[PDB]
Amino acid sequence: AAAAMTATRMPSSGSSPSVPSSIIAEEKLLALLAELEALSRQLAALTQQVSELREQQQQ
Amino acid sequence: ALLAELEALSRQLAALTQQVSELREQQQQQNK
């Protein structure tokens with residue numbers, strides 16, 4: 001009634017960026033698709049000359 | 001056997017222009 005009455009008396013907000021580091025970029029990209037063919041070409045050339053041992057030993 | 005030698009060369013000499021392209025692009029990627 002008196003004394004104190006003179007003054008006065010959720011779910012999901014879904015953030016995303018959190019506490020990780022900063023990020024950067026560059027545009028000098030992508031030789032790498034050539035080596036996948038270099039590697040599998042030269043791999044064949046190994047077997048090709050293993051065959052050239054065998055095809056001369058068989059003579 | 002000489003003809004299988006030219007065939008091994010057709011692979012192994014198609015590596016040189018490849019290594020040159022690689023050793024070129026690997027020198028683009030050192031500076032900005």
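Its PDB header names cryo-EM as the technique used to obtain the model and reports a resolution of 3.3 Å.

The record lists its title as "Human Adenovirus D 10 Capsid Structure".

Under the PDB entry, chain A has the name Hexon-interlacing protein and belongs to Human adenovirus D10.

Asks: I tried to follow the pattern of salt bridges on my own but got confused; where do I start?
Replies: Pairs can form between side chains of opposite charge once their charged atoms are near each other. Residues and elements named next belong to chain A. Scanning all chains against the criterion turns up 2 salt bridges over all chains. Measuring nitrogen to oxygen at the nearest pair gives 3.5 Å for the salt bridge that ties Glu37 to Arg41. Taken together, the residues span about one helical turn, with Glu37 and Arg41 both in helix α1 (residues 33–57) at a distance of 4 residues. A relative accessible area of 37% places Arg41 in the partly exposed class.

Definitions and limits used
Residues numbered from 1 in each chain as written, not as in the entry; some residues may be left out. Chains lettered and ligands numbered in written order. Part of a larger assembly, values for the part shown. Heavy atoms only, no water. Salt bridge = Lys/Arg side-chain N within 4 Å of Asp/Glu carboxyl O. Helix = DSSP H or I, 4+ residues; strand = E, 2+ residues; numbered from the N terminus. Buried < 20%, exposed > 50% of the residue type's maximum accessible area, 1.4 Å probe, protein only.

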